[PDB]
Amino acid sequence: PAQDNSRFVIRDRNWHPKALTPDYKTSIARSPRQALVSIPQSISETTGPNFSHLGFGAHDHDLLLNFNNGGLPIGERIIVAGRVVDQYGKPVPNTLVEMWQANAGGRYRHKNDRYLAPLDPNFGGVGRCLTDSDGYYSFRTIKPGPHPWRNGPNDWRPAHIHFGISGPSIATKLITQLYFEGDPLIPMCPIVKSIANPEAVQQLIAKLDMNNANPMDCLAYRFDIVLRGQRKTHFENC
Amino acid sequence: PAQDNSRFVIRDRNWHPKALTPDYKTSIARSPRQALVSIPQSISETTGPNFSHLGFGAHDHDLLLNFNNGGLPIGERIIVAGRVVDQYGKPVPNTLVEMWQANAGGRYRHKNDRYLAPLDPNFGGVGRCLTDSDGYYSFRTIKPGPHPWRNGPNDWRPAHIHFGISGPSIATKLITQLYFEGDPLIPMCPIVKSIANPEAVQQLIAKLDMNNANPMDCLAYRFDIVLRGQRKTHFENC
Amino acid sequence: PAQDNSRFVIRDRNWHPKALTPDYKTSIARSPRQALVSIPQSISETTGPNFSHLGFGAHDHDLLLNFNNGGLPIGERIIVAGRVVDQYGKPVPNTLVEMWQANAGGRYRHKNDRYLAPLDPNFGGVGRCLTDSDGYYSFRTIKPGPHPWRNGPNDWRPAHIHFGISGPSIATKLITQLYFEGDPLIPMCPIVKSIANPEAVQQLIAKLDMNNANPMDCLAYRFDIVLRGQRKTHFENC
Amino acid sequence: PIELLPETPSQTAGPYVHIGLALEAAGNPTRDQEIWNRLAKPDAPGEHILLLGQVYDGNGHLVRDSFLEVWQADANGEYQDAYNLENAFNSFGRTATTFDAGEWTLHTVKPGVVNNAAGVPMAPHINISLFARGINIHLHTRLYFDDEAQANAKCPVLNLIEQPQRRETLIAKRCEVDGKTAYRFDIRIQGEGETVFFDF
Amino acid sequence: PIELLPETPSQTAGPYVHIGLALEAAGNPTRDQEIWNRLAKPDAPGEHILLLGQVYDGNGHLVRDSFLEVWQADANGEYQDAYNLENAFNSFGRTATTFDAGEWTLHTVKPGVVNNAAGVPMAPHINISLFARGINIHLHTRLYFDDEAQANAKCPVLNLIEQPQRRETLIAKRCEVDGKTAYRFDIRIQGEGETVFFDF
Amino acid sequence: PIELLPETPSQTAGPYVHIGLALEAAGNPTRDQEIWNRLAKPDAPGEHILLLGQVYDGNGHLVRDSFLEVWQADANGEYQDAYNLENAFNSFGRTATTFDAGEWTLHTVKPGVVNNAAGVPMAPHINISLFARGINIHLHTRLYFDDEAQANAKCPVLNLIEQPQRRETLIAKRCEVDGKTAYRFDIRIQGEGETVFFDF
Amino acid sequence: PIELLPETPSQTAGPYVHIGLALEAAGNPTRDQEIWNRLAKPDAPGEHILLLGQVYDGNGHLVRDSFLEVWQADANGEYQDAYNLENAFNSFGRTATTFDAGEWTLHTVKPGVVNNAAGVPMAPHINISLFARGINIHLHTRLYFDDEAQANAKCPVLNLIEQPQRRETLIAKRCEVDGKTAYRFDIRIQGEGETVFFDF
Ligand SMILES: O=[N+]([O-])c1ccc(O)c(O)c1
Ligand SMILES: O=[N+]([O-])c1ccc(O)c(O)c1
Ligand SMILES: O=[N+]([O-])c1ccc(O)c(O)c1
Ligand SMILES: O=[N+]([O-])c1ccc(O)c(O)c1
Ligand SMILES: O=[N+]([O-])c1ccc(O)c(O)c1
Ligand SMILES: [Cl-]
Ligand SMILES: [Cl-]
Ligand SMILES: [Cl-]
Ligand SMILES: [Cl-]
Ligand SMILES: [Cl-]
Ligand SMILES: [Fe+3]
Ligand SMILES: [Fe+3]
Ligand SMILES: [Fe+3]
Ligand SMILES: [Fe+3]
C-alpha cells in the first residue's frame with residue numbers, strides 16, 4: 001500500500017485562476033465565499049492512485065481510430081504530445097493523462113450540447129494514456145473547432161482540448177485546458193481570462209511542433225505540463 | 001461596348017511575389033527568364049468583363065449549402081467578408097469575387113488531390129458573388145485545414161482560401177490567397193514567402209471579426225482587397 | 001410599424017463601468033449580484049422610438065434663454081456641440097439628445113439638492129434637441145460648477161453635463177456624462193473612475209473648440225458620441 | 001482582430017435625473033410636450049391596464065430616485081416607433097418612483113404577441129430599462145403577465161433563464177386598482193428574489 | 001528567492017466533462033475498463049456502505065454537472081494505490097451527479113483510521129475533489145461520519161477548522177437507501193451552510 | 001513621394017484552380033451558369049475559328065494544369081464587356097489544359113482591329129492571362145494571327161518588342177482541326193522560344 | 001513554434017578532400033585500415049559487379065575532384081551497418097574521380113530489393129552522396145539498374161519524380177569491362193540531362 005514519504009510545493013493560488021471570476025458567469029454562484037482552510041500534508045494528501053495496471057485499449061490514445069464507424073474523422077489531423085514534469089524539472093513517469101474535446105466544428109458528443117454544427121460520425125472525442133518512463137505522452141486527434149456558449153451574448157471558446165493529469169498524489173492531480181498557438185480567440189475568452197497573469201495563460205498554449213509531424217499525414221502540437229514539485233520530508237517531528 | 005477612358009496605376013512587381021522564388025520548387029521551371037516587355041495601356045488592357053448579368057444561383061456564395069448531400073459540412077462555420085477598393089480608396093462595386101478551398105481537414109475535392117484526409121460529403125469548396133454597390137462581398141463557409149504538399153519533405157500550406165477578383169479591367173484582375181490571423185504555418189510557407197516584403201504578406205491575412213459573427217452560429221473573418229488605382233486620362237496626344 | 005432588420009454590436013461591459021464599483025458608495029447596494037442573462041436580439045431589442053415628430057420649443061436647446069426670468073444666467077457662456085455616430089462611423093441622424101446640469105455654482109434646480117451655493121433665477125439646467133441629418137447636435141448653456149456630494153468625506157463631481165441619447169433602438173439607448181478638458185477633479189472622482197480603462201474615461205472628455213466659438217460672446221466645447229455599431233442581418237435561420 | 005470605434009461609456013444618471021427626464025418630479029415646470037407614462041389614450045385598441053411597482057436595493061430598502069423607460073408592442077403585437085403625443089398609442093414611455101412612497105405607474109394596453117428572430121412566439125412583454133443613482137449602466141429587464149401562464153411557459157426568452165425559480169421574478173401580478181385591471185411589478189436589484197436582468 | 005517552474009494553471013472541467021471522465025453519463029459507449037464509483041467488490045474486507053449526495057450553488061440550486069473524485073483508506077486503514085479493476089478494493093474512485101436528480105453515489109467500505117504526519121490518528125474520512133462548470137480550480141473537502149463522533153472530536157484535521165459550526169458541514173449523515181447502510185454527504189459550495197474546503 | 005494604398009499581392013492559383021474556375025475539369029458538377037471557352041454562338045457575326053495550344057515549362061514539359069483567361073474584340077472591333085451567356089458574342093472567356101494531352105481550346109471569332117490610345121491600329125489580337133501552379137503572378141501575352149502579316153508588321157505593340165525573333169513567339173499558326181479553321185498558339189514559359197510576356 | 005538546436009551548417013569539402021578521406025588520391029601514404037571502394041570480397045554472396053562513372057559540371061566539363069560515398073543493401077536486401085574490413089560484405093564504401101581521366105570505380109554486389117516505410121518494394125538501388133569543390137552541401141542521388149526495368153517502373157521512389165524523362169537520369173547502363181558485368185553511372189550536376197538529386 002501507499003506511504004507518506006514526500007511533500008509537495010504549496011500551490012500559488014494567484015497563479016491558478018481564483019474561484020470568483022465574474023466575467024465567467026457560472027463562477028459567481030459556484031465559488032466559495034469562505035476562505036479555504038489550510039491543512040498540513042498527511043498520507044491522505046501525499047498519496048494517490050497509480051494507473052500502471054489499468055487496461056488500456058489499443059486505440060485509447062488515438063481519436064482518429066477510437067470511434068471508428070466506417071471512416072476517418074473530418075478535420076485537421078494532429079499529434080498532441082509533450083512531457084509531464086514536476087516543478088523541480090523531474091519527469092513524472094507512468095502517470096495518467098486524459099483528454100477530451102469537441103469535433104472539428106466545435107460540436108461535443110454530449111447529450112447536453114445542442115450547438116447547430118453537426119456531429120462527425122467517426123469522431124468520439126475522448127483519449128487517455130500513461131506517460132512513458134521518461135514522462136512523455138502522445139495522442140492523435142483532430143484539431144477541435146471554436147465552440148460558442150451562453151456566457152456573454154457573443155462568446156466563443158478558442159479551439160481547446162481538456163486535460164486531466166493524475167500525477168503522484170491527489171495533491172498533484174490537475175484538470176486544465178490546452179489552447180493553440182496564435183489563436184486570436186484566446187485573449188477574448190472569460191475562461192482563459194479567469195487566469196489573471198498573462199504569463200500563466202502562456203503556459204496553456206501548445207506550440208506548433210513541425211519536428212514531430214508526419215509529412216503528408218498529420219501536423220503536431222507540443223504541450224508540456226508541470227505538476228507540483230515533489231520533495232523528500234526533512235526535519236519533521238524533531 | 002467598352003471604352004478606353006481610364007488608366008491604372010503601374011504594378012509594383014517587387015511588392016507582388018517575383019516569378020522566380022526557388023523555395024517554391026515549381027516556380028523554377030515556370031518563371032520566364034526574359035524580362036517582361038512594358039506596353040502602354042490601350043482599350044485592350046483598360047477594359048474587361050463586367051459580370052452584372054451573370055446568373056448566380058441562390059447558394060453560390062454559401063459553401064454550407066451549395067454542396068448539400070443530406071447534411072451540413074463538418075468544420076468551423078465562418079463568414080468571410082470584406083470590401084474591394086482600388087488604391088485610391090474607391091469602392092469597386094458589382095465586381096466578381098470567386099473563392100475556392102479545401103475542406104476542414106485540408107482535402108480538396110479535385111481528382112488530383114490524393115491526400116489521405118477524407119472528403120466531406122457535404123462540402124464542395126467553391127463560392128462566387130458580386131460586390132454590392134458599396135464594394136462589399138460575403139461568403140459563408142467552413143474554415144479550411146492545412147494541406148501538406150510535395151515541395152520540401154515536410155511542407156504544409158497554412159489554412160487558406162483562394163480568391164480571384166475581376167475588377168474594372170483585365171489590368172486589375174487578380175488571383176491571390178487569404179490566410180488566417182495568427183496561423184503559425186504562415187511564416188513557414190514557401191508560397192507565402194514568394195512575397196519578399198513582410199508588410200505585403202500582412203495584407204493577405206484575414207482578421208477575426210467578432211462584430212460580424214452570428215452568436216451561437218458562426219464566426220467571421222474580414223478580408224479587404226485592394227485593386228490597382230483607376231484614374232481618368234489626362235493630357236494625352238497633346 | 002418598426003421592423004427587425006438590423007443587429008447591434010455586443011457591448012463591451014469591461015469598457016463601460018461595471019455595476020459594482022464600491023468607491024462610488026451607492027453602487028454597492030444597487031448592483032446585481034447575479035450574472036446578466038444574455039439573450040439574442042429580436043424586434044423587441046432592435047427597434048426603438050423615433051422622435052422626429054416630438055414637438056420641440058423654440059429654446060429647448062438653449063439654456064441661456066429657456067429659463068428666462070428677466071435676465072441672462074450668470075456664468076461661462078458655452079456652446080456644446082458634436083456628432084453622434086455608431087461604431088462603424090455612421091452618423092446617427094434625427095436622434096434625441098437630452099442634457100441636464102447644475103448652474104455655474106454647482107447647484108441643481110431639484111428640490112433634493114440642498115447645496116449651499118445659490119440657485120440662479122435665470123437658469124433651469126435642462127435641454128433637448130435632435131441630431132440633424134448629418135448626425136450633429138448643438139446646445140448653448142453655462143459651464144456647470146463642480147458639485148460636492150455625500151460619498152467620501154471630501155468628494156466633488158468635476159464640472160459635468162448629463163447626457164441621454166436614444167439612437168436607432170432601445171439596444172443603443174445610452175445615458176452618460178460629459179466632462180471638460182483639463183479639469184483636475186476628473187482623476188479624483190469615483191463616478192468617473194467607475195470606468196476602469198483610462199482610455200474610456202478619455203472618451204467622455206469634451207475638448208475646447210475655439211473654431212466653434214462666437215468671438216466676444218461664447219466659447220465652445222466639442223463632445224462626440226459613439227453608439228453601438230448597427231449592421232444588417234446575414235445568414236440567419238439558414 | 002477587427003476593432004471598431006469604442007462605444008461611449010455609460011455613467012450613472014445620478015439623483016437629479018428628473019430635472020432632465022421627468023420634469024414634474026424634480027419640482028420643475030414642464031415644457032409643451034413631454035415623454036411620459038401614458039402610452040395609451042382611452043381610445044386605443046386593446047385591454048387597458050395600469051402598471052405599477054416599487055424598486056428595492058440589496059438591503060430591501062426602497063429606491064426612491066429610479067427612472068424607468070419602457071418599450072412595448074401595441075395590442076396587435078406591432079411596435080410603433082413614430083413617437084407623437086397625438087397618437088392613440090405610443091410604444092415608448094417613461095416613469096419614475098415618487099420620492100415619498102417609491103411607487104411608479106404606467107398607463108398602457110396589454111401588448112400582443114411578438115415573434116423572435118427564429119419565428120418563435122414570445123409571451124406578451126414590456127421591455128424595461130432601469131436607471132438611478134448608484135446604477136452605472138442601466139439594467140434591462142422584461143415584465144410578463146401572470147395571466148399568460150401558457151405563453152410564459154413557452155417563451156423562448158424566459159426559457160433562456162436556467163433556473164425556473166428566477167423566471168418568476170419577471171411575472172407581474174394581476175390585481176384591481178379602483179375597479180380597473182392592474183399588474184404590480186416590483187424589481188429587486190440585488191439579493192433575495194433578485195430580478196433577472198438581460199444583456200443583448 | 002528561489003523560484004521553481006510554475007505549475008500549469010487549472011481551468012474549469014466544463015459542462016461536458018463526462019465525455020472524458022464519465023462516458024456513460026455523457027450518453028456515450030464505455031471502454032472495456034473505466035475508473036468509476038464501485039470501490040469495493042462484494043468480497044472486500046470491512047463494512048460495505050453506500051455514499052450519496054447532492055451539490056448546491058450559492059442560490060440553493062442543484063449543480064447537476066458535478067464530477068467528483070474520491071480517495072480513501074481501506075477498512076484496515078491502508079491506502080490501495082495500485083489501481084486495478086480486479087482488486088477487491090480500490091482506494092480511488094470517480095462519480096458524477098445525475099442530470100435529473102443531481103445525485104451522485106459511490107459504493108465503498110467505511111475507511112479505517114490513519115495517522116497524520118505527527119502520528120496523531122485522524123477520524124475515518126474520505127478525501128473528495130469536486131469539479132464542475134464554473135469551478136475554475138477543483139475544491140478539496142473531506143467526508144467524515146456522524147457515527148464516529150468520539151474520533152471526529154479528536155481529529156487533528158477537523159480541529160484546524162476554527163469554528164465548531166463549520167466542522168458540522170463535513171459530517172455525513174448515516175441513513176438507509178433501499179434498506180442498506182448509507183451516508184449522505186451534501187455539499188454547499190457557497191452561502192449558508194457552506195462546506196469547508198481545504199488547501200494543502 | 002505620393003504613395004497610394006498598396007495593391008493586394010498576387011499568389012499562385014495552385015494546382016486545384018479548377019475547383020473554383022473550371023469545375024468540370026476538377027471532376028465536379030457545374031452550376032447553371034459557367035464562364036467558359038465558347039465565346040461565340042453559331043449565329044455571331046464574323047469568321048468563326050477554333051484556338052488551341054499547349055503550354056511548356058523550362059524543361060520542355062507540358063504544363064498540364066494551366067488556366068487561361070482571354071479578352072478580345074468582336075468581329076467589328078468592339079469589346080463586349082456586358083458578360084452574358086445569352087449574348088451572341090462574349091469578349092471574355094476561360095479555358096484550361098486537359099490533364100492527359102495538356103491542350104486548351106477556345107471557340108471564338110477572329111477579332112476586328114482596334115486602335116491604341118494614340119489612334120494607331122493594332123493588328124488583330126487576343127489578350128491572354130496565364131495562371132498555374134508555380135506561377136506566382138499571372139503572365140500576360142497576346143495571340144496574333146499568321147495570316148495577318150501586313151497588320152502585324154505595323155502593330156505598334158508588336159513593334160515594342162526589340163528583337164524581331166521574339167515577335168514570332170506571338171504569332172499563332174493557322175491550321176485545321178477536324179476540317180475547320182483553327183490557329184495554334186503554343187506558349188513557352190521559359191528557355192528557347194520563350195513567349196513574350198507583357199507588363200502594363 | 002518548437003525550435004530545436006540548429007544543425008551545424010554544411011560547407012564544401014574543398015579540392016583537397018582526398019587528404020582526409022581518400023589518402024592514395026592525395027599523393028599520400030595510407031593508414032592500416034581505410035574506408036574505400038571495395039564493398040565485396042570475391043567470396044560475397046550475390047552478383048559481383050563493377051560500377052563506374054564520370055561527373056560533369058554545368059558546362060559539360062569533367063569534375064575531377066569529386067568524392068563519393070555509397071550505401072547499399074547486400075544481395076539479400078539487408079543493410080549491413082557493422083563496418084569491418086574483415087567482412088565479406090560492407091554496405092558502405094567511398095570512391096573518388098581520378099584527376100587524369102575523371103572516372104570513379106566501385107567493386108560491389110547487386111543489392112537486393114528493400115521495402116519502403118509503407119511496405120512497398122523499391123527497385124534495386126545504391127544510395128550516393130556526392131561531395132566536391134563548389135558543392136556547398138552534398139548532393140543525394142540513387143543509382144538504379146537498366147536490367148531491372150520491371151522493378152524500376154514500380155519503384156515508389158522513382159515514381160516521386162514528376163517527369164518520366166528525369167527518371168532516366170538515375171538508370172545505370174549495363175556493359176562488360178574485361179569480361180565482367182559492369183554498369184556506368186554518369187552524374188550531370190547541372191543543365192542538360194541534369195541528374196535528379198533528393199532531399200530527405
Ligand atoms: O482617467 N482619468 O482620470 C483621465 C483620463 C484622461 C484624461 O484626459 C483625464 O483628464 C483624466
Ligand atoms: O450620487 N450620484 O450619483 C451623484 C451625485 C451628484 C451628481 O452631480 C451626480 O451626477 C451623481
Ligand atoms: O461553461 N463552460 O464552462 C464551458 C462551456 C463550453 C466549453 O467548451 C467549455 O470548455 C466550458
Ligand atoms: O503547388 N501548389 O502551388 C499548391 C499546392 C497546394 C495548395 O493548397 C496550393 O494552394 C498550391
Ligand atoms: O575552392 N575551394 O573550395 C577551396 C579552396 C581552398 C580551401 O582551403 C578550401 O577549403 C576550399
Ligand atoms: Cl492507434
Ligand atoms: Cl445561402
Ligand atoms: Cl437636418
Ligand atoms: Cl435545484
Ligand atoms: Cl511533357
Ligand atoms: Fe450631476
Ligand atoms: Fe470545452
Ligand atoms: Fe490551395
Ligand atoms: Fe581547406
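Values below: all heavy atoms of this structure, side chains included; hydrogens, waters and symmetry mates excluded. Here is the naming used below: chain letters follow the sequence lines, and residue numbers restart at 1 for every chain.
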Exercise. Any chance the rings of C:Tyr24 and C:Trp149 have centres within less than 6.0 Å?
Worked result: yes
Exercise. With distance as the sole criterion, is a donor-acceptor pair present between the side chains of C:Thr46 and C:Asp4 under 3.5 Å?
Worked result: yes
Exercise. Of the listed residues (D:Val63, D:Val157, D:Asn116, D:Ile135), which shares the most heavy-atom pairs with chain C below a 4.5 Å separation?
Worked result: D:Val63
For this session: Measure distances from D:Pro6 to the heavy atoms of chain C and classify the residue's part below 4.5 Å as side chain, backbone, both or neither.
Result: both
For this session: Answer whether the closest heavy-atom distance between the side chains of C:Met99 and C:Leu178 falls below 4.5 Å.
Result: no
Problem set entry | Pair C:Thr95, C:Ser166: side-chain N/O donor-acceptor within cut-off below 3.5 Å | yes
Exercise. Is any side-chain heavy atom of D:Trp104 closer than 4.5 Å to a side-chain heavy atom of D:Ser66?
Worked result: no
Exercise. Where on D:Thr12 is there a heavy atom nearer than 4.5 Å to chain C: the side chain, the backbone, both, or neither?
Worked result: both
Exercise. Measuring heavy-atom distances to chain D, does C:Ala171 have an atom under 4.5 Å in its side chain, in its backbone, in both, or in neither?
Worked result: both
Exercise. Less than 4.0 Å between a side-chain N and a carboxylate O, is that true for C:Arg13 and D:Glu7?
Worked result: no
Seminar exercise, completed: Ranked by heavy-atom pairs below 4.5 Å to chain C, first place among D:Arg133, D:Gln80, D:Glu78 goes to D:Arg133
Problem set entry | Greatest number of heavy atom pairs closer than 4.5 Å to chain D - which of C:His53, C:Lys18, C:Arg33 | C:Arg33
Problem set entry | Which portion of D:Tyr56 sits near chain C, non-hydrogen atoms under 4.5 angstrom | neither
Exercise. Between C:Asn66 and chain D, which part of the residue has a heavy atom less than 4.5 Å away: side chain, backbone, both or neither?
Worked result: neither
Seminar exercise, completed: Per-residue tally against chain D (heavy atom, under 4.5 Å) across C:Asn197, C:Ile225, C:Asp12, C:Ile191 peaks at C:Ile191
Exercise. Side chain, backbone, both or neither: which part of C:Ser31 has a non-hydrogen atom closer than 4.5 Å to chain D?
Worked result: both
Problem set entry | Contact class of D:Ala82 relative to chain C, heavy atoms under 4.5 angstrom | backbone
Exercise. Among C:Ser27, C:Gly48, C:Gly125, C:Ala102, which residue forms the greatest number of heavy-atom pairs with chain D at distances under 4.5 Å?
Worked result: C:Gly48
Problem set entry | Engaged part of D:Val17 at the chain C interface, taking heavy atoms whose separation is under 4.5 Å | both
For this session: Determine yes or no for a side-chain-to-main-chain donor-acceptor pair under 3.5 angstrom, with C:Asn94 supplying the side chain and C:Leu130 the backbone.
Result: no
Problem set entry | Heavy-atom side-chain proximity of D:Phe145 to D:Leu51 below 4.5 angstrom | yes
For this session: Let me know if C:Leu227 has heavy atoms under 4.5 Å from chain D in its side chain, its backbone, both or neither.
Result: backbone
For this session: Apply the test side-chain contact (heavy atoms from CB on, under 4.5 Å) to residues C:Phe67 and C:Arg109: give CA-CA distance (whole Å), side-chain angles for both, the deciding distance (0.1 Å), then the verdict.
Result: CA-CA 11 Å; C:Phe67 202 84; C:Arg109 192 170 278 288; 3.5 Å; yes
Problem set entry | Interchain contact, D:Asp65 with chain C, by part (heavy-atom threshold 4.5 Å) | side chain
Exercise. Chain D heavy atoms under 4.5 Å from C:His59: which part of the residue, side chain, backbone, both or neither?
Worked result: neither
Exercise. If you measure from the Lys or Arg side-chain nitrogens to the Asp or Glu carboxylate oxygens, is any gap between C:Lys25 and C:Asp155 under 4.0 Å?
Worked result: no
Exercise. Do C:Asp60 side-chain atoms and C:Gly57 backbone N/O form a donor-acceptor pair below 3.5 Å?
Worked result: yes
Exercise. Below 6.0 angstrom between ring centroids: does that apply to D:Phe185 and D:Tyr183?
Worked result: no
For this session: For each of C:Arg11, C:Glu199, C:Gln41, tally heavy-atom pairs with chain D at distances under 4.5 Å, and name the one with the top tally.
Result: C:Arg11
Problem set entry | Between D:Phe197, D:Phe92, D:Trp71, D:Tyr83, the one whose heavy-atom pairs under 4.5 Å with chain C are most numerous | D:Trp71
Problem set entry | Separation of C:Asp183 CG from C:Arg157 CZ (nearest 0.5 Å) | 10.0 Å
Exercise. Any side-chain heavy atom of D:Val109 sitting closer than 4.5 Å to one from D:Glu47?
Worked result: no
Exercise. Looking only at atom types and distance, does a side-chain atom of C:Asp120 sit under 3.5 Å from a main-chain N or O of C:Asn122, one as donor and one as acceptor?
Worked result: yes
For this session: Name the region of D:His125, side chain, backbone, both or neither, that has any atom closer than 4.5 Å to a heavy atom of chain C.
Result: side chain
Problem set entry | Interface moiety of C:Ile28 toward chain D, non-hydrogen atoms closer than 4.5 Å | backbone
Exercise. Does any N or O in the side chain of C:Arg107 come within less than 3.5 Å of the main-chain N or O of C:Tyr115, such that one atom is a donor and the other an acceptor?
Worked result: yes
Exercise. For D:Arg31, is it the side chain, the backbone, both, or neither that has a heavy atom closer than 4.5 Å to a heavy atom of chain C?
Worked result: side chain
For this session: Among the options D:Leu21, D:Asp32, D:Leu85, pick out the one with the most heavy-atom pairs lying under 4.5 Å from chain C.
Result: D:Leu21
Seminar exercise, completed: Note: vs chain D, highest number of non-hydrogen pairs under 4.5 angstrom among C:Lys173, C:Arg128, C:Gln3, C:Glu236 is C:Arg128
Problem set entry | Check ion pair C:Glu45-D:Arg142 (N to O, under 4.0 angstrom) | yes
Seminar exercise, completed: Bottom line for C:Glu98: the part with an atom under 4.5 Å from chain D's heavy atoms is side chain
Exercise. Is chain D contacted by the side chain of C:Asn237, its backbone, both, or neither, given a heavy-atom distance below 4.5 Å?
Worked result: side chain
Exercise. Heavy-atom distance under 4.5 Å to chain C: side chain of D:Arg188, backbone, both or neither?
Worked result: neither
Problem set entry | Proximity breakdown for D:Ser10 and chain C, heavy-atom pairs closer than 4.5 Å | both
Problem set entry | Contact class of D:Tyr79 relative to chain C, heavy atoms under 4.5 angstrom | both
Seminar exercise, completed: Okay, D:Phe200 and chain C: the region with an atom under 4.5 Å from a heavy atom over there is both
Exercise. Which bit of D:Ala73 comes within less than 4.5 Å of chain C, counting heavy atoms only: side chain, backbone, both or neither?
Worked result: neither
Seminar exercise, completed: Counting heavy-atom pairs under 4.5 angstrom with chain C, the leader among D:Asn127, D:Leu139, D:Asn84 is D:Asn127
Exercise. Between C:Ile170, C:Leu20, C:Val85, which shows the greatest number of heavy-atom pairs under 4.5 Å with chain D?
Worked result: C:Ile170
Problem set entry | Test: D:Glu69 and D:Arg94 ion pair at under 4.0 Å | yes
For this session: Let me know if C:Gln101 has heavy atoms under 4.5 Å from chain D in its side chain, its backbone, both or neither.
Result: backbone
Exercise. Quick one: does C:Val201's side chain get under 4.5 Å of C:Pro187's, heavy atoms only?
Worked result: no
